[PDB]
Every structure is written in C-alpha cells, then in structure tokens.
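Enquirer: In the order they appear, the protein sequences are chains B and A.
Using the authors' numbering, the letters of the first sequence correspond one by one to residues 415 to 545, 556 to 570, 577 to 643, 1003 to 1484.
Using the authors' numbering, the letters of the second sequence correspond one by one to residues 415 to 544, 556 to 569, 577 to 640, 1003 to 1484.
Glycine included, every Cβ here is placed at the ideal spot set by N, Cα and C.
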Amino acid sequence: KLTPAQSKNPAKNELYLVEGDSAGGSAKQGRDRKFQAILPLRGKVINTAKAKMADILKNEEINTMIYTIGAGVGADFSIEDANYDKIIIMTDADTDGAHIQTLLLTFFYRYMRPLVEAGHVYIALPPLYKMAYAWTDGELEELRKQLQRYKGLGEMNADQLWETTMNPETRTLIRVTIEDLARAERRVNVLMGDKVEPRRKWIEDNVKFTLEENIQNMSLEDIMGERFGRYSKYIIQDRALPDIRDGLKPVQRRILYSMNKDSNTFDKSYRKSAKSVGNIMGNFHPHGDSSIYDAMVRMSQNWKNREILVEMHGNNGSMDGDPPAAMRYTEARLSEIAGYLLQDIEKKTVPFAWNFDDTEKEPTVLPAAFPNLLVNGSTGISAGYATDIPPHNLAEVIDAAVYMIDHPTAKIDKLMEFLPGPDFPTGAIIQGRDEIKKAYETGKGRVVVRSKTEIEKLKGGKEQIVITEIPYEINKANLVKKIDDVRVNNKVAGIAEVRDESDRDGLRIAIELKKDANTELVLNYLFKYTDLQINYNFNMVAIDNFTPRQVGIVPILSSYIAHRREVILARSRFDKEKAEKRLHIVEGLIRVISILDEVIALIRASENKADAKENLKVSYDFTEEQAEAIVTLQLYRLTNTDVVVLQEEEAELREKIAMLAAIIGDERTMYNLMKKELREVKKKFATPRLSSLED
Amino acid sequence: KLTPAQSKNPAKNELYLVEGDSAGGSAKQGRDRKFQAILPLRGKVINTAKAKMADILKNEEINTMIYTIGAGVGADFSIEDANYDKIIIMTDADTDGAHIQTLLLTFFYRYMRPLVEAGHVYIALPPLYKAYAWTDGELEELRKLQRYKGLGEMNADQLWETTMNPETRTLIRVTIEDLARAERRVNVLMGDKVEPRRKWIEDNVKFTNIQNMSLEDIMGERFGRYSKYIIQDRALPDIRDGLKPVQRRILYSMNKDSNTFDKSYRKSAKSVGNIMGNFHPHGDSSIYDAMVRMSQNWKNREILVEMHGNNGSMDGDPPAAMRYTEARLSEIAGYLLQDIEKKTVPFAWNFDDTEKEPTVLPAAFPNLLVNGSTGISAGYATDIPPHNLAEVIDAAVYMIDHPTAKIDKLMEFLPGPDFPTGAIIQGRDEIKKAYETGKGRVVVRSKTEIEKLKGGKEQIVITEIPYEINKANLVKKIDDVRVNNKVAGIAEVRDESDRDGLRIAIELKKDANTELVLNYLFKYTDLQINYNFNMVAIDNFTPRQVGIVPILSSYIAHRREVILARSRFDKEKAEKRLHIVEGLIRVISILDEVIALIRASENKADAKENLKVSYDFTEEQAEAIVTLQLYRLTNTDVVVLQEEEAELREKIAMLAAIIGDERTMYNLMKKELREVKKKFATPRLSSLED
DNA sequence: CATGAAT
DNA sequence: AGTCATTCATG
DNA sequence: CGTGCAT
DNA sequence: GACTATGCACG
Ligand SMILES: N[C@@H]1[C@H]2CN(c3nc4c(cc3F)c(=O)c(C(=O)O)cn4-c3ccc(F)cc3F)C[C@@H]12
Ligand SMILES: N[C@@H]1[C@H]2CN(c3nc4c(cc3F)c(=O)c(C(=O)O)cn4-c3ccc(F)cc3F)C[C@@H]12
Ligand SMILES: [Mg+2]
Ligand SMILES: [Mg+2]
Ligand SMILES: [Mg+2]
Ligand SMILES: [Mg+2]
C-alpha cells in the first residue's frame, strides 16, 4: 500500500498519511517522488484507547505504520531510526476527516510520544473553496472581489493538490505540539477512552448545538478538542439520531425528498435504484453511494419497518440476512404512506436549508402527516449518545396523539390505554408492562421478547416444536444455527433435528424432538440460552431543538403535535393567500363582463400593454393585478361570457377563505383539523397488532 | 457458494445453475428448499473448448460444479453416483445470458456427455413481459406492461410461479440428436480457430410443461443471438460517428441533462445513474469505466468528457470511484451532438420503451478517425488509431471536391496516425496498405535522446512512448532487464515523470555499448511495438472491414443526411412562422371585423371555424389569432411584422437551395468542416518515418 | 500478455 | 472502494 | 457480539 | 458484485 520516495533521507523525506485510496492516488501523482512518500489509510483507524492491545497488534493499518515509519512502537521506540522528518496527516476537510485526525493522534501519542513531542507530526490543511483558492470563508469573499466547494480530497486534480497543500513552499501545516503533558492526557482520555459518562458530559459542556461555527503550531489538547468536537456535533445532529418530529435521520429524509422531487412515487412506474441513489448523492447527500443505497434498502424491508417507506422490486434482502441485490438490479419507489410524510411540502410548511452545493434547497424536517418516530422507530449509534426506539402500531400511536390533543397534560397511565406498547413487524410476544411504563416515562426500559410457538404431535409418539414468529432485529438463519448447535452439543437432551421450513409465504422453524423427550425442558432451555427469547432495551434518544434529548412518550407526542401545529398553520396561510389573489382576479373579471365592449374599445384605443393597464385603472378603477389579468386574456375568452359560473367560483372562494381564516385565528379549530386528519390517516393505513402483550 | 436441498434425493433433487449472485439470492428465496438447490455462477463460465485443460482444471466455477455434481469429470464419470435428477441452467433472458448457456453447454458436452445424452440438462425459460407472457404475441392476448431486463427485477414470489414451480414452469430439455452433426457446431462456435466462426456468422446471422431441443439447434439460436448483439450493439463502432452504443448513450444522456462544457461539473454517480436508468441497461461500473476513458487524454486524441479528479494516469493506477469524481462534456463533444434537437438523426426506443434515443450522432467532425476505436467482439475485432483533427478534415474536404480520390493523393493531407501519446510511427508502405484495405502492421517507437554524464557514462532518456502502453509496467520490464542482466550495460532505471512532463532515464555504466542496449529494449520490451491496423466498423447494420475511403465517404454521406435533415427542420420552422405572420398582417387590416366575429362566436372552436369560413384563415392561423392576448389589439404597426416577413423569406430561400442543389449543400458542408478545423486544430504529436 | 465493454 | 476471473480476436 | 450510518 | 476492517453506545 506504500508508495516510497525515490531516495532515502531521514531528514527531508515526508510521509503523507492520506484518507482513502482515491485521494491516496491523486496524491501519488501530484507529489514529488523525490522525497514525498504516500501511505493510504483504508477506513477509519482503530481507536487505540478502547480496543484491547491484542486487537491492536493484529490491525494491519497500525502494524504497517510502525514499520514504514521504521522505529518500532511504544517503549522500544528510537526516534533516531525513523525514516521521515515530517509525518503529515492529510484528510478530507469534512467531519469524518476530523475523526481520523483524532484516532490517529491518540496513537502517535500513546505508542509514539517521542515522535509527537519532537514536533514531527503535522496536519495538512487542504483548501475549502476554489474560484480562486481560499481556506477560510473570509479569504473567500476577498477572492470574489478580486466557487467550487470542496467536499473532499477526491474532488481535486493532481496538479491541484500539489500547488495548494503538497508543495512545501505553498502549503500550510498545523504542527502538533504538546504544551501540557497533564492537560493533554485528560483531554485524550475523556474523548477516546472506554468510559462513556465523562465523554457525554464533556460534549454537553463544550459543544454548542444551538449556535454555528505558513505552518502554525497548535496544542494537542486544543487540537483533539477542536476536531472531536466537530465530529461529535455532526454525528449527533446529522447522522445517527432521528429528528423527534418526523423520526428520520438526514439520509432517510433526503432519500425521500429526492425520490419525491423526481416524481418517483407509488402511483407511478418503478425507477431503477442506481438512478435514485445517484440523484440523491449529487443533490443532497454527499456520502458514499453504498451507504445511501443500504439506507434506501432498509426503508423497504417489511421485517425492519412496521410501515415501509420504500417499495422495492427484486432481491431486497431477507430475514436470513443474506445480501440484497446491488443498486444496478433493483427498482424502487416511495410507498403510499411515505407520501403522507411529504404531504403539503410544496406549500411552504417547513423550514428549508441550502445543500452542500448551495445550488438547491432541502427540507430540514418533513411535514409528517403521521407520527413516524414511534410507528417505525429508529436506531441508533452516535457519539456520547445512542438510540433504540421500537416500532408501534400506526393506529394506536394515532389514538394516543389524538387523545393528548384534547388533553395536553395527559399522564402515561392514561396514554397507555391507547398506546399499550411496541408492535414489532416480526410479531412475537412482549412481556413487561412495568418496564414498558418505565420506558414510556423516562426513555429507558428493558422488556422481554419471546418467539411465538406451537406444538405438533407426530407419528410414533414424537412431538415437534414449531416457531412461527421471532424477536425483532433477530437473524433467522443464525438463530437456526444456534439452536442446531444446542442439539449438536447436546446442551439439552431430546432434540432430534432442526429445520428452517419457511417459504415465500410463511415463516416456519420445526424443532423436531425425540421419542421420549421432555418437550418442556427443551422449550425452556432454548428460550434462555438462544435468542428465541431476548431482551429489548428502550433507549429513546432523539434530536429536539438541535440537541440530543432522552425522551419518553409525552415529549415525543407533544413535539409531534407541536410540529403538526406549525405545519397546518403554515399550510393554511399558503392556501388562503392563493385564494385571496384568485378571488381578487375573479372579482375583476365579473366586472369586466358587464363592460366587455367598453373594455375592448378601451384596449383598442390604448397604444401598448402598459398604456392599456393605466387606462383600465384610471377609467374603471381596476387594480394593477386585475388589469394585468384582463389585458393578458386570450381573445377566445371573449366567447366565454358567463358570469354565473364566475359567481359560483367567487362564492366557493369566499367560503374557502373563511374556513382557512378560522383555522389561522383559532387554536381549537386548528386542533380539530389535526384530529380530523389524523383519523383519516388512521382509517386508511390502520392495521392489526402483530405483537401480543403480557405482564 | 452452493445452497443445498434439505434432503438428499437423486430421483427428484434439482440443481439450478443461476447467472449471478443477485439472481442467485432471489432464487434461494422463491425456491422449494425440499429438493431445489441453488448454485450461483459468478461471471462468464470458462470456454472449455478454447482453453488448456490445465487452466481449465484450476477453475473455481468449474471445480465446484464437478464437486457439487458429485460424479467427477472426464472419463472417470459415473452417472449413477450423481446427486440430481435434473440440472437446470437459469440465466437472464438477455443476450449475455444466452452466451452463458452456450459456455455451460460445451462443458457438459465435452466433459459430461452422458449427463446430456440422458436428457438431464434443462434450461429455465424466465418470462419476458408481465398476467405473464413469453411471446410478443402472448401479450397482445393479455391486452384484451413491464419488460423484464433480467432476473433481478423479479420478486421471489413471481419467480417461483413462473419459472421455478415444476407444475407451472417451462423447460427446454437438451438432447443430442446427432453426435456427429453436433460435434461440428460446438467445435466451430467455441473452437480456437476464428475463420470458421466468422463465416458461420456471415452465412447465418441476419443483420437485417417441457420441450426438447437439439444440442445443435440450441447452440444456434443462442450463439447466433449473442454474436449479433456483441457485434451490432457493443464492441464495434458505427462507421459514421465512430461511437459504440455505450459511448453514444453516455454523451447523449449527459447532453440531455445539460451537463456540458459551459456549465458546472456534475457528480459522476449522478450521470452514470441517469444513463443506466434511461438508455444503457448494464453495469454502472462498465458505464463509468467508459465515461472515464473518454476523459483520459493519453487514450483519446480529442477527449469528449472532461472529468475533475483522479481519472487515472499513464501508470494505469485506478481512477477515483464514481462517488468521488465529477464530469461534463468537452466543448468538442458538443460538436458530435450539434444539431441533434433538429430531427437530424434516426431515433429509436430505449429498452424501457419509455424514451427515444439516437442511433447515431450528427458528428460535426470525423470522430472515427480522430479518436479511433477498439475493438473485440465475436468473429470480429477492431483497432483504429486516432488521427490529427486538422489532417482528417483536409482529406474529407478534398474528397468532397473529388469523390473518386485515390488514397495516394489523400495521404498528402492525411499522412498517417497521430497518437495522443506522440512517439514515432514507422512504415509508410504499411500505412498505405492499411488505408487501402483496413489491415496493416506499422511500428511505433519511443522518442529517445542520449545525455552524456560526468564520468564517460551515457544515459538514455525517453520522452514519449507507444500508444496504449502502460508507463509503470514498461519501467518495470526495463528494470527487469537490468536486474536479470539479459544484456550488460544498464546502471539504473528511473521514472522521472512529473505532473508537467514525461521522463524515463536509463543511466548506463562506464564503457557500455549504449547501442546494443537500446536495440535490445526495442525488441524485448514495449519501448517499441507493432501497432496493427484492423479497421472494422458498422456500416448498414453489419460489420465491415474498411479503409480510409469508405470511412470518409460514409462520413460525407452522413453529414449530407444531417445537413439536409437540419435544413428541412429549420425551413419547416421558418415556414410555419411566416405563415402565421401573414395572417397577423391581414388581421390588422380587418381588426374590428375579427374582434366582432370572435365576440359573436360561441367558443374557441366556433371562433376558428368562423375565421376560416368568413375570412379564409387556415387552422394554424386561426389558432394563432384566437390565442392572442388582448393587449395585442393595441398594435396596428405592420412594418415591423413585414420586416420579419422578409427576413423569413430569405432564410427559406437559402435553406431550400441547400436542399435542391447538391453543390450548394457540399459547399456548406465544407464551410463548416473548416470552421471546426480552425477551432480545434492542433499540431502533430507523432512523427512519421519510412 | 494486453486491450475494453460485458458478466 | 480496491481485488479477483472470465468472454471475444489478435500478434 | 451485533446493531446502522459513516470511512 | 461479494469480501474485507474500522468508529460510535449499549446488554
Ligand atoms: N483494512 C480494511 C480495508 C477497508 N475495508 C472496507 N472498506 C470499505 C467498506 C468495507 C470494508 F470492509 C465498505 O463497505 C465501503 C462502502 O462504501 O460501503 C467503503 N469502504 C472503504 C474502502 C476503502 C476506504 F479507503 C474507505 C472505505 F470506507 C476493510 C479493509
Ligand atoms: N471467480 C470470479 C468471480 C467474479 N469476479 C469478478 N467479478 C466482477 C468483476 C470483477 C471480478 F474480478 C467486475 O469488475 C464487475 C463489474 O461489474 O465491474 C463485475 N463482476 C462480477 C461479479 C460477480 C458476478 F456474479 C458477475 C460479475 F460480472 C472475480 C471472481
Ligand atoms: Mg470524506
Ligand atoms: Mg459498505
Ligand atoms: Mg443480464
Ligand atoms: Mg469491473
């Protein structure tokens, strides 16, 4: 993987540690083979503060580093036998680039202090903008007086990378200096160590979620602080955790908003996946195609989502975990229900933002015509926080929300008469009313999920245990192996043979027992020692007001209602303004009919368009907007001189405006709309429970 | 790789040989695990009739079959020690699937005859449309409509009912009707000798519950199908615009998406996806690789695609994946598409029948020669070097004025190939032979230069190398000479190429015959190679070995078609307008009566009918008149309109003349060809020697 | 052995 | 996101 | 261990 | 077109 320099020289030769092969390539070319070596880093580097020193020695990335640098590692580290005088870390100028600098620095610290303490560890700062060339937004505006936003290294040409960051005379480097051995140790541990509590706290103290954001020296304590801070913030807000209102992670939201913009919906032909992904990756989500597709695939799997938001034709995976077809084979499109998440988006009902390009606005949250967060759930791993929200029956969640709208201050006990608990797509049995309450109240709670079973008598006095429903998030294939392993190992007596018998229209696992076999002894052992029964831990974290918040039912349902409120208000203002303008025009038209000839005469007498309008104003007191409409009518309209039809539209419009004003100017009338609409969604999408409950 | 059947049973168990892992998945899903096993084939099976039985034994796909079959191979083959009653071959219902069925059949014939002779080899017949239909006629019956482009697009539940269910599926049972009449066909289609195949293709291929089929007949409808496709719609360029179908789609799609040289770069993945979705129904990787190649200036004399980012190097290291790179058409590429919006070129339906695509581009310049092509199908192949834009055009221009121009004269304008990697081309005679018959072997030699050093030691400095030669591999093979001391003299080998220059230095030892060495490297490394012309293209839907003349005539013919087409289009436009403008000028003469007649009309339709009947306006005019906006009624100036009426009449005159006068037309075609030359002309890179 | 659209 | 093997014609 | 967006 | 390792929190 190493691309050596032509000659050796432990005094001039540099070692660029590049993020990714493709960038490691553009570097191999742009470099100067005389003294600049290249060593690509494929993937995120192993955290040498958490992983066991055993898994560390086995990591190819690390071992090949301790070698090429050539000076051993840790205690047996002689700074004299090194091969490079400068180790330059070069990553994308993105958040994941920051994460890498972090993971790396904690390594050159722990197992190569000497190297960093000597100021031999630098950090290449690639340019962010290119008009022109500038690093800070400030240097930007200056070049505009005298832009290709670089989202990564793979975007720039070789002769581009050399001139801007690779040329020792034209580049800028943040030389890592250890200014305080003590204040640097505590800084690294808090961020990279095992303990999670401290790290979570440190983020809560330093990271401001509510607000925004030639070689120069910089402390490790300060460097590790700045970098990990960024990666922290970004991963928390814009990656791992769902928005409390629409229950979507940014990637899922873009997949939907994109597919919808491209008219790729349930009422229309399937569109090839590779085409959907590509448009998403080029307009909204600047990340690996594979991730985008994987995300899109999951939204389509009915054994992971209680209400799939994407319909996909072809091999889209299975409960056995076997891989789905690549994006070149599959077709896809939004499910009908997903359409309800996007309802009214064209009506200015949601806060939009700019995309990485700055070429197109994207929604920060979707209108959500139903409480997606609870219905489909989420999960759920970031930095300092994590989330596991289970799926819920669409109807129940709605019955709850509708209640809470009439009773703002409802307690959990009353809500649970509507929302008894989770409803897994995979069905099965949920035990633990108490812990459910605890979860619905605090966000955390441990429940038990047990497989749905049944006994079948067989010839020869033999019995047979049959499993027809398994626990959420459990791999059928592996479960079957683990059970068969019980038999093979004889950890419990009486298992004759295991057999996955499920087919395209039914799940079925037959655990055939032996002649004289205690089928109760077996069924119990399996529940306890395999995943026929498991623990599900509610850990409901979500993003509220830009910050990660551990939340229960109340905060969720209220944040939703809140949101729906803003949306319906906005929607109603939009539709009113439209009806006002149209009402205005229709009013003018009805006048025009009574003076048709005069108006034609008056336009004939006019010199041009503008003059016609002034005459229409001065002579008949029409408004600008009314004159503009009259003057631009096509001649044939003079054949449709029918006032009663117009008067019907006038009336229909006044009424529409009345009802919209009522919504806008009265909170109760608005809340009734929410209820009316929520019930409609309920009637149209309602479906029976799949998971039964037990206490 | 195998997914086995629950219970072992030689009497009922079926073994599905599926094309691809993806389809292999959908199969495991919609299958009946009781007795149906699955075995994916990852890539084209190895031709067990062309390759050595040595490399044939070291084949994973082949081994796991001999193992999964469980009857061994060759002569040590017991049909009683098998594992399946039926061995089903299940591929896509496309051309490449057909080719796969062909490869697996020559294996089961050459190394498991008894299995085939026992009618145990079948072939699944997936549906082609969807009620489901296999025949284009069985659809019309269901008319009283999706098109499967592969197994992937089929949900596992549909797969079962239509092609996997023994009680609902259709199977072609392979049977050897004549062992002697079938030995020839397999030997000819899959043999090592080309000539017999080429001919077979010529003679037969016309470029224009279960059922038994012979091995002879089954190997025909299949290889015949694949041959025709890989020839017309894959490996070989159209003789006119010099593009293969993939490249044409890449350009056309990108162009339709407005992803051009004068606009911001678009993400590669976004383009590729749009291509694969609307036009080219194949791998996104291939499509990308093609797009990338069209952007590499050491492989194209005139790049058609500009691509920001790591698109590769002469060292041949991989380009950034399409997730990283952005791209757009080059300005010259624009000229390949020039006038495409003016119905100047034959369109057809895409695979999806949802959108039309062009079958050839207008080609405002002779791409086929300028950029070349290459070049491997079935029974045919192609190698066409790139040429100097200016030179090719000079020839075309001359041949326009002198249709029957001899090649000797044409070579005063088009002296020979002009590789973008420069270097030295040797063989005036062979160059002619090539321009004359389409074949010819020329020599390409690296641009060398000696540099004396300090100590009586010289040094060889290469500045240019042979087209299609990997710089990194060359430098290795040269250094291998030094390491092996095949010839004495070489001191060290240094690739000293930088971002702005190509330089390989071969330092020599003191008192070392630097002639002997340079000669050895020319012979035993790619410092010097033979380039073989094999100019094959597609003319009138068929492959044709051609020379400089047919190529240039085919071009000129085409340009004629385009220019004629383009002119009819612009003329029809000017006409329709001029026609409308006549009515408007008239209307003004009778404005009040016309408003009156509209005011008296019952509706739009009635108003037009009144205009025609009472004032003799035409439909087109009544529509224009009746959809005027009221404010028009303010105007009464006829002069401005008359000026437009004049301008249009002149444009129609000139355009008509181009269509009625062959000379006026050719003049035009020359005029433009020259503008292109003046705009994109560049100096020679390769030097010529005899 | 490479080449370049394919699986 | 690189890597691995095969087709086809050709010298 | 294995989850799901990232590299 | 599958395979291969990492981060991050959590039982
Ligand atoms: N020593 C470690 C190399 C890198 N490995 C994997 N890389 C994957 C992936 C999977 C890997 F095992 C991906 O799945 C992926 C993607 O975009 O989906 C990108 N990559 C990926 C590949 C290269 C790279 F530089 C960065 C990446 F994120 C494993 C061994
Ligand atoms: N025994 C041989 C399998 C197939 N291998 C490769 N496959 C590639 C590719 C490269 C391979 F080495 C590709 O490059 C590719 C593509 O679309 O670009 C598709 N494929 C590809 C992979 C799997 C498959 F089923 C069909 C394919 F075309 C290697 C081992
Ligand atoms: Mg990046
Ligand atoms: Mg991946
Ligand atoms: Mg196919
Ligand atoms: Mg490939």
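Could you please go through the chain and list the residues whose beta-carbon is closer than 7 Å to any non-hydrogen atom of ligand 5?
Expert: This selection yields A:433, A:506, A:508, A:510, A:511, A:582.
Enquirer: Pick helix, strand or coil for residue 1016 of chain A, following the three-state DSSP scheme.
Expert: Taking the second sequence and counting its residues from 1, one reaches residue 1016 of chain A at position 222. Looking at residue 1016 of chain A - three-state DSSP - the assignment turns out to be helix.
Enquirer: Go ahead and pull the three-state DSSP assignment for residue 513 of chain B.
Expert: One-based indexing of the first sequence puts residue 513 of chain B at position 99. Residue 513 of chain B: helix per DSSP, three-state reduction.
Enquirer: Closer than 8 Å, CB to CB, is residue 1401 of chain B near chain A or not?
Expert: Residue mapping note: residue 1401 of chain B aligns to position 612 of the first sequence, counting from 1. Chain A contact via Cβ: present.
Enquirer: Considering residue 501 of chain A, what are the terminal residues of the beta strand (DSSP E) in which it resides?
Expert: As a working mapping, residue 501 of chain A is identified with position 87 in the second sequence. 500-504 is the extent of the beta strand (DSSP E) around residue 501 of chain A.
Enquirer: For the pair the stretch 1258-1272 of chain B and the stretch 1339-1357 of chain B, tell me if three or more CB-CB distances fall below 8 Å.
Expert: Output reads no: the stretch 1339-1357 of chain B does not touch the stretch 1258-1272 of chain B.
Enquirer: Would you kindly work out how many angstroms separate the C-alpha atoms of residue 1359 of chain B and residue 1134 of chain B, rounded to a whole number?
Expert: On the first sequence, position 570 is the one that residue 1359 of chain B refers to. On the first sequence, position 345 is the one that residue 1134 of chain B refers to. Looking at the two C-alpha atoms, the distance is approximately 11 Å.
Enquirer: Output yes if chain B places a C-beta closer than 8 Å to the C-beta of residue 1061 of chain A; else output no.
Expert: Locating residue 1061 of chain A in the second sequence gives position 267, where the first residue counts as 1. At least one chain B Cβ lies under 8 Å of residue 1061 of chain A.
Enquirer: What's the C-alpha gap between residue 1082 of chain A and residue 1039 of chain A?
Expert: For this step, residue 1082 of chain A is matched to residue 288 along the second sequence. For this step, residue 1039 of chain A is matched to residue 245 along the second sequence. Spanning the two alpha carbons is a distance of roughly 14 Å.
Enquirer: Using only the alpha-carbon positions, how far apart do residue 1042 of chain B and residue 1100 of chain B sit?
Expert: Within the first sequence, residue 1042 of chain B is the residue found at index 253, counting from 1. Within the first sequence, residue 1100 of chain B is the residue found at index 311, counting from 1. C-alpha separation (whole angstroms): 16 Å.
Enquirer: Going by DSSP, which residues form a beta bridge with residue 1289 of chain A?
Expert: As a first step, residue 1289 of chain A must be located in the second sequence, where it is residue number 495. DSSP, once it has assigned bridges, lists A:1298 as partnering residue 1289 of chain A.
Enquirer: With a threshold of 7 Å (Cβ to nearest heavy atom), would residue 1486 of chain B be considered close to ligand 4?
Expert: Since the first residue shown for chain B is 415 and the last is 1484, residue 1486 of chain B is missing from the structure and cannot be characterised.
Enquirer: Determine whether the Cβ of residue 1391 of chain A lies closer than 8 Å to any Cβ atom of chain B.
Expert: Residue 1391 of chain A sits at position 597 when you count from the first residue of the second sequence. No, no contact with chain B.
Enquirer: Which one of A:1473, A:1093, A:434, A:1432 has the shortest CA to CA distance from residue 1115 of chain B?
Expert: In the first sequence, the residue the question calls residue 1115 of chain B occupies position 326. Residue 1115 of chain B has its Cα closest to that of A:434, out of A:1473, A:1093, A:434, A:1432.
Enquirer: Under 7 Å, CB to CB, which of the residues in the stretch 1062-1080 of chain A have a partner in chain B?
Expert: 1063, 1064, 1066, 1067, 1068, 1070, 1071, 1077, 1078
Enquirer: Which residues does DSSP pair with residue 1244 of chain A in a beta bridge?
Expert: If you number the second sequence from 1, residue 1244 of chain A lands on position 450. According to DSSP, residue 1244 of chain A bridges with A:1254.
Enquirer: When DSSP labels each residue in this structure, what does residue 557 of chain B get in the three-state scheme?
Expert: Working through the first sequence from its first residue, we reach residue 557 of chain B at position 133. Three-state result, residue 557 of chain B: coil.
Enquirer: How many Å lie between residue 430 of chain B and residue 1025 of chain B at the Cα?
Expert: Translated into positions along the first sequence, residue 430 of chain B becomes position 16. Translated into positions along the first sequence, residue 1025 of chain B becomes position 236. About 30 Å.
Enquirer: How would you list, in chain order, the residues of chain A whose beta-carbon sits under 7 Å from the beta-carbon of residue 592 of chain B?
Expert: Looking up residue 592 of chain B in the first sequence gives position 162. Within 7 Å Cβ-Cβ: 1293.
Enquirer: Please confirm whether residue 564 of chain B and residue 1031 of chain B have their CB atoms less than 8 Å apart.
Expert: Translated into the one-based positions of the first sequence, residue 564 of chain B becomes position 140. Translated into the one-based positions of the first sequence, residue 1031 of chain B becomes position 242. No, the pair does not count as a contact, with Cβ atoms beyond the cut-off.
Enquirer: List the endpoints of the continuous alpha helix (DSSP H) containing residue 1358 of chain A.
Expert: Counting from 1 along the second sequence, the entry for residue 1358 of chain A is found at position 564. Per DSSP, residue 1358 of chain A belongs to the alpha helix (DSSP H) from 1342-1381.
Enquirer: Taking the beta carbon of residue 1104 of chain A as the centre, do at least 16 other beta carbons fall within 10 Å, making it buried, or is it exposed?
Expert: Your numbering for residue 1104 of chain A matches position 310 in the second sequence. Buried, since its Cβ has 16 or more Cβ neighbours within 10 Å.
Enquirer: Report the option in A:1017, A:500, A:1397 whose CA atom is closest to the CA atom of residue 1004 of chain A.
Expert: Position 210 of the second sequence, counted from the start, is the residue given in the question as residue 1004 of chain A. Closest option to residue 1004 of chain A, Cα to Cα, is A:500.
Enquirer: Any C-beta of chain A sitting closer than 8 Å to the C-beta of residue 1120 of chain B?
Expert: Translated into positions along the first sequence, residue 1120 of chain B becomes position 331. Yes, residue 1120 of chain B counts as interfacial toward chain A.
Enquirer: Within the present structure, is the beta-carbon of residue 435 of chain B separated from the nearest heavy atom of ligand 2 by less than 7 Å?
Expert: For the purposes of this step, residue 435 of chain B is taken as the residue at position 21 of the first sequence. No, Cβ of residue 435 of chain B sits at least 7 Å from all heavy atoms of ligand 2.
Enquirer: Residue 1090 of chain A and residue 1106 of chain A - do their beta-carbons sit closer together than 8 Å?
Expert: Here residue 1106 of chain A refers to the residue found at position 312 of the second sequence. Here residue 1090 of chain A refers to the residue found at position 296 of the second sequence. Yes, the pair counts as a contact, with Cβ atoms nearer than the cut-off.
Enquirer: Please list, in chain order, all residues of the same chain as residue 1432 of chain B whose beta carbon is under 7 Å from its beta carbon, the five residues on each side excluded.
Expert: Numbered from 1 along the first sequence, position 643 holds the residue referred to as residue 1432 of chain B. Excluding residues within five positions, the ones whose Cβ falls inside 7 Å are 1379, 1382.
Enquirer: Should residue 1301 of chain B and residue 1285 of chain B be called a contact, given that it needs their Cβ atoms to be closer than 8 Å?
Expert: What you label residue 1301 of chain B is simply residue 512 of the first sequence in a count that begins at 1. What you label residue 1285 of chain B is simply residue 496 of the first sequence in a count that begins at 1. For the pair residue 1301 of chain B and residue 1285 of chain B, the CB atoms are nearer than the 8 Å cut-off.
Enquirer: Need the endpoints of the beta strand (DSSP E) that residue 1324 of chain B sits in, please.
Expert: Reading the first sequence from its first residue, position 535 is the one you call residue 1324 of chain B. Start and end: 1322-1328.
Enquirer: Please compile the residues from chain A whose C-beta is within a distance smaller than 7 Å of the C-beta of residue 589 of chain B.
Expert: For this step, residue 589 of chain B is matched to residue 159 along the first sequence. Those are 1293, listed as they occur along chain A.
Enquirer: Mind listing which residues of the stretch 1041-1057 of chain B have their C-beta closer than 7 Å to chain A's C-betas, in chain order?
Expert: none
Enquirer: Quick one: give me the first and last residue of the beta strand (DSSP E) that residue 1120 of chain B is part of.
Expert: Residue mapping note: residue 1120 of chain B aligns to position 331 of the first sequence, counting from 1. Element bounds for residue 1120 of chain B: 1120-1123.
Enquirer: With three or more C-beta pairs closer than 8 Å as the rule, is the stretch 1202-1214 of chain A touching the stretch 1005-1024 of chain A?
Expert: no
Enquirer: With a cut-off of 8 Å, do at least 3 Cβ pairs link the stretch 464-471 of chain A to the stretch 1127-1147 of chain B?
Expert: Fewer than three Cβ pairs drawn from the stretch 464-471 of chain A and the stretch 1127-1147 of chain B lie within less than 8 Å of each other, which leaves the two stretches out of contact.
Enquirer: The stretch 1097-1125 of chain B: which residues have C-beta closer than 8 Å to a C-beta of chain A, in chain order?
Expert: 1102, 1103, 1104, 1107, 1111, 1112, 1113, 1114, 1115, 1116, 1117, 1118, 1119, 1120
Enquirer: Would the beta-carbon of residue 1271 of chain B fall within 8 Å of that of residue 1320 of chain B?
Expert: For the purposes of this step, residue 1271 of chain B is identified with residue 482 of the first sequence, where counting begins at 1. For the purposes of this step, residue 1320 of chain B is identified with residue 531 of the first sequence, where counting begins at 1. Yes.
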